[PDB]
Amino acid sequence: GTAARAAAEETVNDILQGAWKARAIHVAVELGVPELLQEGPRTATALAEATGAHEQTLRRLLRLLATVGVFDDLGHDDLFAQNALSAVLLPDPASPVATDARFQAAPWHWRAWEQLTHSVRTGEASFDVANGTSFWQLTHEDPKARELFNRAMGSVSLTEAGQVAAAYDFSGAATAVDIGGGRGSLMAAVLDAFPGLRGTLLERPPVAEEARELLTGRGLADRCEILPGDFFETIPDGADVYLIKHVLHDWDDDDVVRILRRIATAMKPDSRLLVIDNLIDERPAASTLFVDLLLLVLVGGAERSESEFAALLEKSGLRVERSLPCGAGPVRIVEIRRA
């Protein structure tokens, strides 16, 4: 079995080139190739002209992609066509993969990964040293970066909103506050399914406006307050239910604790906090561990297990009431009460 090593090497080589395979997709969606292929096959020449790409070089890109299953290389007349895998890339506010692909295409996203070694050495986000500014700082100043992230978070949220509204009985609640609720699709799904609920959305000012736009167009503009705020400082008191989705994993233990104590002090004895986020269990999917690493690279965050998160709550005067699933992924809804 001398050539057992030959396969070892081949496997590791294919992993390395995987980096390039991903940048090629990033470039394909940055140029907007997949939407040009919706009305039938097109030549790489037409594709280059329409995207502002160098004709021969785009042809190399597509030939390559087709070889690894993205797009179909028709094999004549310079024609390429949509296929199962490239169709996944059609831009759509509601597509996780398509919006994330576009978000990853951004240079500063890739540059963060350039400095992965810094994260591994310090436990800190590499985004800061690679790009000369925090991820939150950048999404505050740069409307394009802000849009790429919001769209990528927005699509995941959309498919999660309806499922959370169905896993938890909000009847009995007069008021729900959504802490850092992005574009408000979770709030919007819950209000719709509970006509008597009043809601409040908390977000950074520019995102708050995005949420106002989404809620308004959902005919819920009168049922939900928008508060351009900050959840290290401001949170509404006396609400019946608080929600926080894909926020806490963005932060280190101390910061998760600072946020939790802020929520605790605003809760009524009978109030409930729903922490909605990815949990690390005993059998974490590879896919789940990668996101945990993304979180370290972009914001220095981390995915947490059942007990890691329990340890943090007990630091913040809170207790786990219930823990229920939310869509055969790693996403769980953790129902929490004041201690």
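Residues carry their position along the shown sequence, with the first being 1.
Segment of higher mean CA temperature factor, 228-236 or 258-266: Higher of the two, by average CA B-factor, is 228-236.
Going by the average Cα B-factor in the PDB entry, point out whether 208-216 or 136-144 comes out higher. 208-216 has the higher mean C-alpha B-factor.
Between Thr288, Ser271, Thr67, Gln56, which one tops the list for Cα B-factor in this entry? The C-alpha B-factor peaks, among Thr288, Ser271, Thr67, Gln56, at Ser271.
Using the entry's values, work out which of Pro195, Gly123, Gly184, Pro107 has the largest Cα B factor. Comparing C-alpha B-factors across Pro195, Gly123, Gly184, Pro107, the maximum falls on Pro195.
Pull the Cα B-factor of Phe80 out of the PDB entry and bin it into the chain's lowest, middle or highest third. For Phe80, whose C-alpha B-factor we compare with every modelled residue in the chain, the answer is the middle third.
Chain-relative CA temperature factor third for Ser316: Middle third.
C-alpha B factor of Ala167, ranked within the chain: lowest, middle or highest third? For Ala167, the deposited C-alpha B-factor lands in the highest third.
Could you place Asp73 in the lowest, middle or highest third of its chain by Cα temperature factor, using the values in the record? According to the entry, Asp73 has a C-alpha B-factor in the chain's middle third.
How does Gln115 rank on Cα B-factor within its chain, lowest, middle or highest third? Lowest third, going by the recorded CA B-factors of the chain.
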